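File shown: run.txt (compact mmCIF, N, CA, C and O atoms).
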```txt
# COMPACT_ATOMS: atom_id res chain seq x y z
N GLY A 1 111.54 84.82 81.67
CA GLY A 1 111.17 85.79 82.68
C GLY A 1 111.05 87.19 82.12
O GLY A 1 110.90 87.37 80.91
N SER A 2 111.11 88.19 83.00
CA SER A 2 111.01 89.58 82.59
C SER A 2 111.75 90.49 83.55
O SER A 2 112.21 90.05 84.61
N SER A 3 111.87 91.76 83.19
CA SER A 3 112.57 92.74 84.02
C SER A 3 113.93 92.21 84.45
O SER A 3 114.24 92.17 85.64
N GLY A 4 114.74 91.81 83.48
CA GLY A 4 116.06 91.29 83.78
C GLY A 4 116.06 89.79 84.00
O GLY A 4 115.06 89.22 84.44
N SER A 5 117.17 89.14 83.68
CA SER A 5 117.29 87.70 83.84
C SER A 5 117.00 87.28 85.28
O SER A 5 116.46 86.20 85.53
N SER A 6 117.36 88.15 86.22
CA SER A 6 117.14 87.87 87.63
C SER A 6 116.39 89.02 88.30
O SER A 6 115.45 88.81 89.07
N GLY A 7 116.81 90.25 88.00
CA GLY A 7 116.17 91.41 88.58
C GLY A 7 117.10 92.20 89.48
O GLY A 7 118.18 91.72 89.84
N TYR A 8 116.70 93.42 89.83
CA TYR A 8 117.51 94.27 90.69
C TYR A 8 117.41 93.84 92.15
O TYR A 8 118.35 94.00 92.92
N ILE A 9 116.26 93.29 92.51
CA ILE A 9 116.03 92.83 93.88
C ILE A 9 117.32 92.29 94.50
O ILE A 9 117.61 92.54 95.66
N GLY A 10 118.08 91.55 93.70
CA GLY A 10 119.33 90.99 94.18
C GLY A 10 120.52 91.88 93.89
O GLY A 10 121.50 91.89 94.65
N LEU A 11 120.44 92.63 92.80
CA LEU A 11 121.52 93.53 92.41
C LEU A 11 122.13 94.22 93.63
O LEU A 11 123.32 94.10 93.89
N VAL A 12 121.29 94.93 94.37
CA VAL A 12 121.74 95.63 95.57
C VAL A 12 122.51 94.70 96.50
O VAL A 12 123.70 94.92 96.76
N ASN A 13 121.84 93.67 96.99
CA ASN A 13 122.47 92.70 97.88
C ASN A 13 123.93 92.47 97.50
O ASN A 13 124.82 92.57 98.33
N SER A 14 124.15 92.16 96.23
CA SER A 14 125.50 91.91 95.73
C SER A 14 126.28 93.21 95.57
O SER A 14 127.50 93.24 95.72
N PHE A 15 125.55 94.29 95.28
CA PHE A 15 126.17 95.60 95.10
C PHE A 15 126.86 96.05 96.38
O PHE A 15 128.05 96.38 96.38
N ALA A 16 126.11 96.06 97.48
CA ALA A 16 126.65 96.47 98.77
C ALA A 16 127.95 95.74 99.08
O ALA A 16 128.99 96.36 99.32
N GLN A 17 127.89 94.41 99.09
CA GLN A 17 129.06 93.59 99.37
C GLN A 17 130.25 94.03 98.53
O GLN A 17 131.35 94.21 99.05
N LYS A 18 130.02 94.20 97.23
CA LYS A 18 131.08 94.63 96.32
C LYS A 18 131.70 95.94 96.78
O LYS A 18 132.93 96.10 96.77
N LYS A 19 130.86 96.88 97.20
CA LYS A 19 131.33 98.17 97.68
C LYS A 19 131.54 98.16 99.19
O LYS A 19 131.54 99.21 99.83
N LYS A 20 131.71 96.97 99.75
CA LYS A 20 131.92 96.82 101.18
C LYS A 20 131.03 97.78 101.96
O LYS A 20 131.45 98.36 102.96
N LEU A 21 129.79 97.94 101.50
CA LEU A 21 128.84 98.82 102.16
C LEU A 21 127.96 98.05 103.13
O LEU A 21 128.03 96.82 103.21
N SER A 22 127.12 98.77 103.87
CA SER A 22 126.22 98.16 104.84
C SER A 22 124.77 98.37 104.44
O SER A 22 124.29 99.50 104.37
N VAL A 23 124.06 97.27 104.17
CA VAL A 23 122.66 97.33 103.78
C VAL A 23 121.75 96.89 104.92
O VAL A 23 121.98 95.85 105.54
N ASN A 24 120.72 97.68 105.19
CA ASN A 24 119.77 97.36 106.26
C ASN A 24 118.33 97.45 105.75
O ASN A 24 118.03 98.23 104.84
N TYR A 25 117.45 96.66 106.35
CA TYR A 25 116.05 96.65 105.96
C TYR A 25 115.15 96.88 107.17
O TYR A 25 114.96 95.99 108.00
N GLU A 26 114.58 98.08 107.26
CA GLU A 26 113.70 98.43 108.37
C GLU A 26 112.26 98.06 108.05
O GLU A 26 111.77 98.29 106.94
N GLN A 27 111.57 97.48 109.03
CA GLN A 27 110.18 97.07 108.85
C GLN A 27 109.26 97.88 109.76
O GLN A 27 109.30 97.74 110.99
N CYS A 28 108.43 98.72 109.16
CA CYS A 28 107.50 99.55 109.91
C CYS A 28 106.05 99.23 109.54
O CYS A 28 105.72 99.14 108.36
N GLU A 29 105.21 99.06 110.55
CA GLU A 29 103.80 98.75 110.33
C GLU A 29 102.95 100.01 110.32
O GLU A 29 103.20 100.96 111.08
N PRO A 30 101.94 100.04 109.45
CA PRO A 30 101.03 101.19 109.33
C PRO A 30 100.12 101.35 110.54
O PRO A 30 99.37 100.44 110.89
N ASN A 31 100.20 102.51 111.19
CA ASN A 31 99.39 102.78 112.36
C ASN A 31 97.96 102.30 112.16
O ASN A 31 97.44 101.51 112.96
N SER A 32 97.32 102.77 111.09
CA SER A 32 95.95 102.38 110.79
C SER A 32 95.78 100.87 110.84
O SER A 32 96.45 100.13 110.11
N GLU A 33 94.89 100.40 111.71
CA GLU A 33 94.64 98.97 111.86
C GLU A 33 94.67 98.27 110.50
O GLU A 33 95.59 97.52 110.20
N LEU A 34 93.65 98.53 109.69
CA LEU A 34 93.55 97.92 108.37
C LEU A 34 93.49 98.99 107.28
O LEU A 34 93.18 100.15 107.54
N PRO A 35 93.80 98.59 106.04
CA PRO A 35 94.18 97.21 105.73
C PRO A 35 95.55 96.84 106.29
O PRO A 35 96.20 97.66 106.94
N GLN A 36 95.97 95.60 106.05
CA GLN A 36 97.26 95.13 106.54
C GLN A 36 98.26 94.99 105.39
O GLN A 36 98.12 94.12 104.53
N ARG A 37 99.27 95.86 105.39
CA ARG A 37 100.29 95.83 104.35
C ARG A 37 101.69 95.98 104.95
O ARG A 37 101.94 96.90 105.73
N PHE A 38 102.58 95.07 104.59
CA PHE A 38 103.95 95.09 105.09
C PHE A 38 104.79 96.13 104.35
O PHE A 38 104.55 96.40 103.17
N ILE A 39 105.77 96.70 105.04
CA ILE A 39 106.64 97.70 104.44
C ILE A 39 108.09 97.49 104.86
O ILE A 39 108.38 97.23 106.03
N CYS A 40 109.00 97.60 103.89
CA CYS A 40 110.42 97.42 104.16
C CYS A 40 111.24 98.51 103.48
O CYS A 40 111.24 98.64 102.26
N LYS A 41 111.95 99.30 104.29
CA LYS A 41 112.77 100.38 103.77
C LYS A 41 114.25 99.98 103.75
O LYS A 41 114.80 99.58 104.78
N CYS A 42 114.87 100.08 102.59
CA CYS A 42 116.27 99.73 102.43
C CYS A 42 117.17 100.94 102.70
O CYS A 42 117.11 101.94 101.99
N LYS A 43 118.00 100.84 103.73
CA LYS A 43 118.90 101.92 104.10
C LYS A 43 120.36 101.47 103.99
O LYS A 43 120.75 100.46 104.57
N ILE A 44 121.15 102.23 103.24
CA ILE A 44 122.56 101.91 103.06
C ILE A 44 123.45 102.82 103.91
O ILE A 44 123.68 103.97 103.57
N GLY A 45 123.94 102.28 105.03
CA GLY A 45 124.79 103.05 105.91
C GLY A 45 124.06 104.21 106.56
O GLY A 45 124.51 105.35 106.50
N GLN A 46 122.92 103.91 107.18
CA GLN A 46 122.12 104.94 107.84
C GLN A 46 121.62 105.97 106.83
O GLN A 46 121.35 107.12 107.19
N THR A 47 121.51 105.56 105.58
CA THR A 47 121.05 106.45 104.52
C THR A 47 119.85 105.87 103.79
O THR A 47 119.87 104.71 103.36
N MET A 48 118.80 106.67 103.65
CA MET A 48 117.59 106.23 102.97
C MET A 48 117.80 106.17 101.46
O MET A 48 118.03 107.20 100.82
N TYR A 49 117.71 104.97 100.90
CA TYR A 49 117.90 104.78 99.47
C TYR A 49 116.59 104.40 98.79
O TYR A 49 116.09 105.13 97.93
N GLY A 50 116.03 103.26 99.19
CA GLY A 50 114.78 102.81 98.62
C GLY A 50 113.77 102.40 99.67
O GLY A 50 114.13 102.13 100.82
N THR A 51 112.50 102.35 99.29
CA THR A 51 111.43 101.98 100.21
C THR A 51 110.37 101.13 99.51
O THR A 51 109.67 101.62 98.62
N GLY A 52 110.26 99.87 99.92
CA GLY A 52 109.28 98.98 99.32
C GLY A 52 108.06 98.80 100.19
O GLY A 52 108.16 98.81 101.42
N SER A 53 106.90 98.63 99.56
CA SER A 53 105.65 98.44 100.29
C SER A 53 104.73 97.47 99.56
O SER A 53 104.41 97.67 98.38
N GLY A 54 104.31 96.42 100.25
CA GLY A 54 103.43 95.44 99.65
C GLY A 54 102.55 94.74 100.67
O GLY A 54 102.56 95.09 101.85
N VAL A 55 101.79 93.76 100.22
CA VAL A 55 100.89 93.01 101.10
C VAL A 55 101.68 92.10 102.03
O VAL A 55 101.20 91.70 103.09
N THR A 56 102.90 91.76 101.63
CA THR A 56 103.76 90.89 102.42
C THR A 56 105.18 91.44 102.51
O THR A 56 105.68 92.05 101.56
N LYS A 57 105.82 91.22 103.65
CA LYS A 57 107.19 91.70 103.86
C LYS A 57 108.05 91.42 102.63
O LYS A 57 108.55 92.35 102.00
N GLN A 58 108.22 90.15 102.31
CA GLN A 58 109.03 89.75 101.16
C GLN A 58 108.82 90.71 99.99
O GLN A 58 109.74 91.42 99.58
N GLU A 59 107.60 90.73 99.46
CA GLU A 59 107.27 91.60 98.34
C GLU A 59 107.82 93.01 98.57
O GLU A 59 108.31 93.65 97.64
N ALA A 60 107.73 93.48 99.80
CA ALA A 60 108.21 94.81 100.15
C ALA A 60 109.74 94.87 100.08
O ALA A 60 110.30 95.47 99.17
N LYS A 61 110.39 94.25 101.06
CA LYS A 61 111.85 94.23 101.11
C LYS A 61 112.44 94.10 99.71
O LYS A 61 113.38 94.81 99.35
N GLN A 62 111.89 93.18 98.92
CA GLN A 62 112.36 92.96 97.56
C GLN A 62 112.40 94.26 96.77
O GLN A 62 113.47 94.77 96.44
N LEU A 63 111.22 94.81 96.49
CA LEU A 63 111.12 96.06 95.74
C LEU A 63 112.10 97.09 96.28
O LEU A 63 112.83 97.73 95.51
N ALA A 64 112.11 97.26 97.59
CA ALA A 64 113.00 98.22 98.24
C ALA A 64 114.33 98.31 97.50
O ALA A 64 114.79 99.40 97.15
N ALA A 65 114.95 97.15 97.26
CA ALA A 65 116.23 97.10 96.57
C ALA A 65 116.15 97.80 95.21
O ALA A 65 116.92 98.71 94.93
N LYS A 66 115.21 97.36 94.38
CA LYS A 66 115.02 97.95 93.06
C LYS A 66 115.26 99.45 93.09
O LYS A 66 115.95 100.00 92.24
N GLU A 67 114.67 100.12 94.08
CA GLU A 67 114.82 101.56 94.23
C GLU A 67 116.24 101.93 94.63
O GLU A 67 116.84 102.84 94.07
N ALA A 68 116.77 101.21 95.61
CA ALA A 68 118.13 101.45 96.10
C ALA A 68 119.14 101.35 94.96
O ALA A 68 120.12 102.10 94.92
N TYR A 69 118.90 100.43 94.04
CA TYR A 69 119.79 100.23 92.90
C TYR A 69 119.92 101.51 92.08
O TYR A 69 120.98 102.13 92.05
N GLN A 70 118.84 101.89 91.42
CA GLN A 70 118.83 103.09 90.59
C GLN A 70 119.42 104.27 91.35
O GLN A 70 120.13 105.10 90.78
N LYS A 71 119.13 104.34 92.65
CA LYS A 71 119.64 105.42 93.49
C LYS A 71 121.17 105.46 93.46
O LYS A 71 121.77 106.54 93.49
N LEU A 72 121.78 104.29 93.40
CA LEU A 72 123.24 104.19 93.36
C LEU A 72 123.78 104.62 92.00
O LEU A 72 124.74 105.38 91.92
N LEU A 73 123.16 104.12 90.94
CA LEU A 73 123.58 104.45 89.58
C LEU A 73 123.57 105.96 89.36
O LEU A 73 124.38 106.49 88.60
N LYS A 74 122.66 106.65 90.05
CA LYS A 74 122.56 108.10 89.93
C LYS A 74 123.47 108.79 90.93
O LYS A 74 124.19 109.73 90.59
N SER A 75 123.43 108.33 92.18
CA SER A 75 124.26 108.91 93.23
C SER A 75 124.98 107.82 94.03
O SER A 75 124.50 107.36 95.06
N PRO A 76 126.15 107.40 93.53
CA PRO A 76 126.96 106.36 94.17
C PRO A 76 127.57 106.84 95.48
O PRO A 76 127.55 108.02 95.82
N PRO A 77 128.14 105.89 96.24
CA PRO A 77 128.78 106.19 97.53
C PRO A 77 130.07 106.98 97.37
O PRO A 77 131.11 106.42 96.99
N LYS A 78 130.01 108.27 97.65
CA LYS A 78 131.18 109.14 97.54
C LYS A 78 132.39 108.50 98.21
O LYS A 78 132.53 108.53 99.43
N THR A 79 133.28 107.93 97.39
CA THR A 79 134.48 107.28 97.91
C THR A 79 135.73 108.08 97.54
O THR A 79 135.76 108.78 96.53
N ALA A 80 136.76 107.98 98.38
CA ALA A 80 138.01 108.69 98.14
C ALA A 80 138.74 108.12 96.93
O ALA A 80 139.09 108.86 96.01
N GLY A 81 138.96 106.81 96.93
CA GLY A 81 139.65 106.17 95.82
C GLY A 81 140.36 104.90 96.24
O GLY A 81 140.92 104.82 97.33
N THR A 82 140.33 103.90 95.37
CA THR A 82 140.98 102.62 95.65
C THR A 82 142.31 102.50 94.91
O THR A 82 142.41 102.86 93.74
N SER A 83 143.32 101.98 95.61
CA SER A 83 144.64 101.82 95.02
C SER A 83 145.48 100.85 95.85
O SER A 83 145.47 100.90 97.08
N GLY A 84 146.22 99.98 95.17
CA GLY A 84 147.06 99.02 95.86
C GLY A 84 147.36 97.80 95.01
O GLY A 84 146.54 97.35 94.21
N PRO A 85 148.57 97.24 95.18
CA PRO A 85 149.00 96.06 94.43
C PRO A 85 148.25 94.80 94.85
O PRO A 85 148.26 93.79 94.14
N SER A 86 147.61 94.86 96.01
CA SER A 86 146.85 93.72 96.53
C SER A 86 146.08 93.03 95.41
O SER A 86 145.92 91.81 95.42
N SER A 87 145.62 93.81 94.44
CA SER A 87 144.86 93.27 93.32
C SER A 87 144.87 94.25 92.14
O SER A 87 144.65 95.45 92.31
N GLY A 88 145.12 93.72 90.95
CA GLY A 88 145.16 94.56 89.76
C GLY A 88 144.37 93.96 88.61
O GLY A 88 144.88 93.85 87.49
```
Represent the structure from my file as structure tokens, please.
Amino acid sequence: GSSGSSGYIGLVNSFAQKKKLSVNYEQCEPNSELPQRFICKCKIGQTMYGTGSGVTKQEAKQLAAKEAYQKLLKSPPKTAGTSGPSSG
């Protein structure tokens, strides 16, 4: 394959869960009748991270993540701090 053994498309999905975050995918259609292109915006906790756009929803939603990923690596979720014997 290419662009990673699996890709970022999934990175986010697993990323959010790890950071007990909330990932959402909004689907908005282009006012203009044609052409017809699906769009999916990835929002993490009511926050705009990435936005994918393609001929099909899937293709869109997918890419969306790719953007959300890099966005995290640059600007992660400002957290206070984790601490506890629950796990070490």
>> If I take atom C of residue 70 in chain A and atom O of residue 48 in chain A, how far is one from the other in Å, to one decimal?
In response: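 Interatomic distance, atom C of residue 70 in chain A to atom O of residue 48 in chain A: 10.0 Å.
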> Using all atoms listed in the file, which residue out of A:55, A:14, A:42, A:64 lies closest to residue 27 in chain A?
Replying inline: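 That would be A:42, the residue with the smallest distance to residue 27 in chain A.
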>> Using Å and a single decimal, report how far atom N of residue 12 in chain A sits from atom C of residue 83 in chain A.
In response: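 The value is 24.9 Å.
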> What residues in chain A get the DSSP label alpha helix (DSSP H)? Please answer as a ChimeraX atom specification.
Replying inline: /A:8-18,57-74
> Using all atoms listed in the file, which residues sit within 8 Å of residue 46 in chain A once same-chain residues fewer than 4 positions away are excluded, as a list in words?
Replying inline: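 Final neighbour list, sorted by chain and number: residues 22, 23, 24 and 42 of chain A.
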> Could you state the separation of CA of residue 9 in chain A and CA of residue 68 in chain A in Å, given to one decimal place?
Replying inline: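 Calculated distance between CA of residue 9 in chain A and CA of residue 68 in chain A is 9.1 Å.
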